[PDB]
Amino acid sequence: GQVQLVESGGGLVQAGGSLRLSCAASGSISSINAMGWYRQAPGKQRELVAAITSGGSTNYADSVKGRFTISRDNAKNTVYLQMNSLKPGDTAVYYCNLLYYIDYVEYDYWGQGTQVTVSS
């Protein structure tokens, strides 16, 4: 069917706590793809957090290195963001992204976003 991204796992934690985001892709997609996490605080620009190919290559924003870990389950087309040692500055809406190419045509899908809020 048509491609859909479903996000879950957001919420409210105290600083130093942890959360796990998950993003599940359904529909007709390429098995060779990239999935990413982006974040946007209100009034600020959207910023890359982390990304991972179906092959396992990863990239992390410097601000989250050593704290966040991205991983995926190719079997179920799901990407995860394990967020440890959370800081108030991590407060934002986190968006999942799905990017792939079929015959060099780009397909780029976005999740609805899930809120992460880190109190002092």
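Position 1 is the first residue in the sequence shown; the rest follow in order.
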item: Higher-scoring stretch by recorded Cα B factor average, 34 to 42 or 73 to 81; value: 73 to 81
item: Ranked against its chain, the third holding the CA B-factor of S8; value: middle
item: Lowest, middle or highest third - CA B-factor, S54; value: middle
item: Chain-relative CA temperature factor third for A61; value: middle
item: Lowest, middle or highest third - CA B-factor, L98; value: lowest
